[PDB]
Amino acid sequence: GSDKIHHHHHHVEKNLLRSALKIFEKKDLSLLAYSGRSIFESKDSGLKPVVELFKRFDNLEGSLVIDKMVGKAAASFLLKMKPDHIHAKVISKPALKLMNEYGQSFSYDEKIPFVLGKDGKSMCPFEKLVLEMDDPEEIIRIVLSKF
């Protein structure tokens, strides 16, 4: 790849999001990547799917990602993959802040201070791990060293 050639994908077509949401909703999915057709589908919990997705494609240009719960950890993986748009059903404040810093196009249904643990009474151990870390690449590296 030429370091002189940069793709700019900054908007998503509103009817593809519409279509992907219909699929996400109809299949109780937890993660979806969509290009006009469905290219990755998962319903597991936590980061396992985002990592599965990361391991599967170098990038997601021309595609959109839908995710149930987007924390800083998932934001980092997704940012590196360069999807056209990420739609988060719930996004945490750290994730939102990060995606703005990176000019990634994204939308959300609910915003929350931070992703929560199994209980719903405290912070997800992965979110706490990466909470005071700045760099998405450093974050991806540390998360992978748990899987």
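All residue numbers refer to positions in the sequence shown, first residue = 1.
- Stretch comparison (8-16 versus 134-142) by mean CA B-factor in the PDB entry places 8-16 on top.
- Of the two segments examined, 74-82 and 113-121, it is 113-121 that shows the higher average Cα temperature factor in the deposited entry.
- The entry lists C-alpha B-factors for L60, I91, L29, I39, and the highest of these is at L29.
- Ranked by Cα temperature factor within the chain, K97 sits in the middle third according to the deposited record.
- When all modelled residues of the chain are sorted by CA temperature factor, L53 is found within the lowest third.
- Among the modelled residues of the chain, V65 sits in the lowest third by CA temperature factor in this PDB entry.
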